[PDB]
């Protein structure tokens, strides 16, 4: 019955993406603030089931963008070799703060709730490309905060 979330930022229990072993993997990250390439080196970190860094994708070419941005991953590691199938965490660091010496942060499975969908009887959140059940959401707050 509640669609009050629409427009709020949502955080979910989905932090990872399944890689089938072969085919490339499209995914969406939400950037609360505008990407500034001059402030640090912004990038995406792709991590395996044991927190091992497997691929790093630089974000510098997306300077000046904000909000949902789509990306692909060929499924290869840093050397260029295909990785084992499985679940992989996808996080990002951007906009090094001059004062605090800290990067702003984001990851797969959080972002602005753009619409609410009822699939059969059940409710579902559209968060860019991702469409998740309501029960997966673990926190809500307004933009430009937290």
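Residue numbers count along the first chain shown, from 1.
When the C-alpha B-factors of 64-72 and 96-104 are averaged, 96-104 comes out higher. In this entry, 114-122 shows the higher mean Cα temperature factor of the pair 32-40 and 114-122.
Remark: residue 10 belongs to the lowest third of its chain, ranked by C-alpha B-factor as recorded.
When the modelled residues of the chain are ordered by C-alpha B-factor, residue 26 sits in the middle third.
In this PDB entry, the Cα temperature factor of residue 132 sits in the middle third of its chain's modelled residues. Per-chain ranking of the deposited C-alpha B factor places residue 80 in the highest third. Looking at the C-alpha B-factors along this chain, the one for residue 45 belongs to the lowest third.
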